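Q: What follows is a structure written as structure tokens; I'll ask about it next.
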Amino acid sequence: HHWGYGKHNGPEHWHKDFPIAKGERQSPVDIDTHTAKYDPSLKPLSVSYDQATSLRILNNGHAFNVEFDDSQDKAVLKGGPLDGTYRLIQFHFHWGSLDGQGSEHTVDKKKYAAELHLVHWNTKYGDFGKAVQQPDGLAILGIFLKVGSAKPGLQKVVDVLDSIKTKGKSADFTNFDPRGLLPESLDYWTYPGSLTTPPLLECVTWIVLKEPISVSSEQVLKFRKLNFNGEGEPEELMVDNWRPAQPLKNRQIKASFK
Ligand SMILES: [Zn+2]
């Protein structure tokens with residue numbers, strides 16, 4: 001009876017195994033754009049992905065992860081609210097069964113069709129497992145997806161999904177350039193939060209871009225053909241793998257822009 005996104009093991013159940021689910025800095029949250037404070041002390045974000053080395057794509061039963069070589073400073077996030085250097089380890093998405101839902105963060109209660117998470121860890125902690133135990137261990141760059149025109153840079157991802165339909169399947173995925181998934185503007189909101197899947201650890205500096213990327217209906221439809229289940233198990237479509245907004249509590253969301 002592992003955690004998941006179903007009726008009997010979904011987000012409202014997670015707290016039983018993971019009490020931090022009801023903690024003080026849980027994610028995602030609603031971003032109230034009128035209450036977010038412009039912060040002039042924020043530096044411009046630095047996304048250096050030119051030397052990124054993608055390795056593999058994995059269906060892990062709750063999403064698919066595009067994994068990167070993080071044994072060197074190759075694809076790094078710096079600046080903005082961050083002190084030091086954070087290395088890209090993987091990216092993944094959350095999406096809905098319908099275009100009107102799927103994102104984890106919301107903007108003035110608006111849900112997007114999906115949300116991309118580029119997950120980075122603080123190099124001062126040596127590796128990902130140590131980093132998740134620190135309050136400043138991770139930096140996750142969140143990017144909203146809306147349905148409209150296709151995103152050409154996403155197509156290589158969509159086309160390999162057939163080969164990893166079910167839980168536990170992986171495929172070689174080299175030479176993928178994550179720069180093709182970024183919107184034009186790097187304007188962002190930022191706040192301290194958590195992983196949005198168990199273990200829900202409170203180790204994340206969230207950086208959520210204001211500008212969504214557009215993907216096509218055909219692209220998101222292919223996300224929705226994935227399976228939560230393993231091969232030879234009853235088919236359950238991998239859809240609605242998002243956690244809803246959690247209480248902001250004692251936090252202020254800061255904006256890099258006015
Ligand atoms: Zn995520």
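Note on naming: chains are A, B, ... as they come in the structure tokens, residues start from 1 per chain, ligands start from 1 in the order shown.
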Can I get the residues close to ligand 1 as a list in words, where close means within 9 Å and we count only C-alpha atoms and all ligand atoms?

A: residues 63, 91, 92, 93, 94, 104, 115, 116, 117, 118, 119, 140, 142, 195, 196, 197, 242 and 243 of chain A

Q: If you run DSSP on the backbone here, which positions in region 6-163 of chain A get strand (DSSP E or B)? Please write them as a PyMOL selection string.

A: chain A and resi 30-31+37-38+45-48+54-59+64-68+76-79+86-95+106-107+110+114-122+138-147

Q: Go through region 4-252 of chain A and collect every residue that DSSP, computed from the backbone, puts in helix (DSSP H, G or I); the answer should be as a PyMOL selection string.

A: chain A and resi 14-16+19-22+123-125+128-131+152-164+178-181+217-223

Q: Using C-alpha atoms, can you export the residues from the last selection as a PDB file, in the first residue's frame?

A:
ATOM      1  CA  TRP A  14       0.682  10.875   2.731  1.00  0.00           C
ATOM      2  CA  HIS A  15       0.910  12.364   6.226  1.00  0.00           C
ATOM      3  CA  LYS A  16       0.400   8.934   7.818  1.00  0.00           C
ATOM      4  CA  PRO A  19       4.225  13.365   9.018  1.00  0.00           C
ATOM      5  CA  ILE A  20       6.248  16.269   7.581  1.00  0.00           C
ATOM      6  CA  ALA A  21       3.389  16.417   5.047  1.00  0.00           C
ATOM      7  CA  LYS A  22       1.752  18.802   7.544  1.00  0.00           C
ATOM      8  CA  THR A 123      27.469  21.102  -4.381  1.00  0.00           C
ATOM      9  CA  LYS A 124      28.639  22.020  -0.868  1.00  0.00           C
ATOM     10  CA  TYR A 125      26.879  18.858   0.331  1.00  0.00           C
ATOM     11  CA  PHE A 128      22.004  14.440  -3.611  1.00  0.00           C
ATOM     12  CA  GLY A 129      21.309  12.147  -0.672  1.00  0.00           C
ATOM     13  CA  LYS A 130      23.160  14.432   1.744  1.00  0.00           C
ATOM     14  CA  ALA A 131      21.699  17.556   0.157  1.00  0.00           C
ATOM     15  CA  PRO A 152      10.001  21.656 -30.451  1.00  0.00           C
ATOM     16  CA  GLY A 153      12.570  21.072 -27.708  1.00  0.00           C
ATOM     17  CA  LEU A 154      10.192  18.718 -25.919  1.00  0.00           C
ATOM     18  CA  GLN A 155       9.565  16.399 -28.832  1.00  0.00           C
ATOM     19  CA  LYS A 156      12.592  14.153 -28.267  1.00  0.00           C
ATOM     20  CA  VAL A 157      11.211  13.470 -24.791  1.00  0.00           C
ATOM     21  CA  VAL A 158       7.691  12.735 -26.028  1.00  0.00           C
ATOM     22  CA  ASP A 159       8.917  10.326 -28.678  1.00  0.00           C
ATOM     23  CA  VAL A 160      10.837   8.055 -26.283  1.00  0.00           C
ATOM     24  CA  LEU A 161       7.881   7.649 -23.890  1.00  0.00           C
ATOM     25  CA  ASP A 162       6.594   4.558 -25.733  1.00  0.00           C
ATOM     26  CA  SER A 163       9.784   2.770 -24.705  1.00  0.00           C
ATOM     27  CA  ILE A 164       9.216   3.478 -20.996  1.00  0.00           C
ATOM     28  CA  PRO A 178      17.314  21.048 -21.535  1.00  0.00           C
ATOM     29  CA  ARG A 179      17.749  24.633 -22.785  1.00  0.00           C
ATOM     30  CA  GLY A 180      15.028  23.764 -25.301  1.00  0.00           C
ATOM     31  CA  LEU A 181      12.503  23.596 -22.455  1.00  0.00           C
ATOM     32  CA  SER A 217      -2.281  18.930 -27.274  1.00  0.00           C
ATOM     33  CA  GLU A 218      -0.539  16.009 -29.027  1.00  0.00           C
ATOM     34  CA  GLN A 219       2.500  16.387 -26.786  1.00  0.00           C
ATOM     35  CA  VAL A 220       0.551  16.328 -23.520  1.00  0.00           C
ATOM     36  CA  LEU A 221      -1.666  13.504 -24.838  1.00  0.00           C
ATOM     37  CA  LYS A 222       1.475  11.378 -25.070  1.00  0.00           C
ATOM     38  CA  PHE A 223       2.304  12.091 -21.407  1.00  0.00           C
TER      39      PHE A 223
END

Q: Pick from A:166, A:252, A:171, A:8: nearest to residue 235 (chain A), with only C-alpha atoms counted?

A: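 Among the listed residues, A:166 lies closest to residue 235 (chain A).
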
Q: Can you work out which one of A:44, A:84, A:168, A:61 has the shortest atom-to-atom distance to residue 236 (chain A), counting only C-alpha atoms?

A: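 That would be A:61, the residue with the smallest distance to residue 236 (chain A).
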
Q: Would you mind telling me which residue in A:64, A:176, A:95, A:86 lies nearest to residue 146 (chain A) when using only C-alpha atoms?

A: A:95

Q: From the set A:230, A:247, A:23, A:28, which residue has the shortest atom-to-atom contact distance to residue 169 (chain A), counting only C-alpha atoms?

A: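 Closest residue, counting only C-alpha atoms: A:230.
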
Q: Which one is closest to residue 229 (chain A): A:62, A:78, A:249, A:7? Count only C-alpha atoms.

A: A:62

Q: When you draw a straight line from CA of residue 192 (chain A) to CA of residue 206 (chain A), how long is it in Å?

A: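 These two atoms are separated by 6.0 Å.
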
Q: So that I can see what lies close to residue 145 (chain A), please list as an mmCIF file with N, CA, C and O atoms, in the first residue's frame the residues with an atom at most 7 Å from it, counting only C-alpha atoms and leaving out residues fewer than 5 positions away in the same chain.

A:
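Writing the result to around_0.cif gives the following:
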data_model
loop_
_atom_site.group_PDB
_atom_site.id
_atom_site.type_symbol
_atom_site.label_atom_id
_atom_site.label_comp_id
_atom_site.auth_asym_id
_atom_site.auth_seq_id
_atom_site.Cartn_x
_atom_site.Cartn_y
_atom_site.Cartn_z
ATOM 1 N N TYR A 112 -2.251 25.164 -14.310
ATOM 2 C CA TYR A 112 -1.779 24.927 -15.664
ATOM 3 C C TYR A 112 -1.904 23.453 -16.018
ATOM 4 O O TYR A 112 -2.154 22.625 -15.150
ATOM 5 N N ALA A 113 -1.740 23.135 -17.298
ATOM 6 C CA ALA A 113 -1.881 21.755 -17.781
ATOM 7 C C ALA A 113 -0.797 20.815 -17.248
ATOM 8 O O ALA A 113 -1.001 19.602 -17.132
ATOM 9 N N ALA A 114 0.365 21.384 -16.957
ATOM 10 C CA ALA A 114 1.482 20.603 -16.441
ATOM 11 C C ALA A 114 2.533 21.530 -15.847
ATOM 12 O O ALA A 114 2.439 22.757 -15.958
ATOM 13 N N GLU A 115 3.524 20.938 -15.196
ATOM 14 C CA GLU A 115 4.581 21.701 -14.564
ATOM 15 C C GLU A 115 5.855 20.880 -14.644
ATOM 16 O O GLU A 115 5.873 19.705 -14.277
ATOM 17 N N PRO A 212 5.013 30.764 -18.738
ATOM 18 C CA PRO A 212 4.858 29.345 -19.071
ATOM 19 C C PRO A 212 5.439 29.040 -20.448
ATOM 20 O O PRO A 212 5.642 29.964 -21.251
ATOM 21 N N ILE A 213 5.724 27.770 -20.708
ATOM 22 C CA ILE A 213 6.021 27.353 -22.073
ATOM 23 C C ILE A 213 4.743 26.756 -22.649
ATOM 24 O O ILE A 213 3.873 26.296 -21.908
ATOM 25 N N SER A 214 4.622 26.796 -23.972
ATOM 26 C CA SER A 214 3.487 26.185 -24.644
ATOM 27 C C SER A 214 3.885 24.832 -25.198
ATOM 28 O O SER A 214 4.962 24.680 -25.767
ATOM 29 N N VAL A 215 3.005 23.852 -25.031
ATOM 30 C CA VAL A 215 3.196 22.543 -25.640
ATOM 31 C C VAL A 215 1.921 22.204 -26.390
ATOM 32 O O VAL A 215 0.874 22.800 -26.135
#

Q: Which is closer to residue 100 (chain A) than all the others in A:147, A:201, A:186, A:255, using only C-alpha atoms?

A: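 Ranked by minimum distance to residue 100 (chain A), first place goes to A:147.
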
Q: Using only C-alpha atoms, determine which residues lie at most 12 Å from residue 251 (chain A), disregarding the query and same-chain residues fewer than 6 positions distant; provide the list as a PyMOL selection string.

A: chain A and resi 24-27+29-31+35-37+190-193

Q: Measure the distance from CA of residue 33 (chain A) to CA of residue 258 (chain A) in Å and round it to one decimal.

A: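 Computed distance, CA of residue 33 (chain A) to CA of residue 258 (chain A), equals 10.4 Å.
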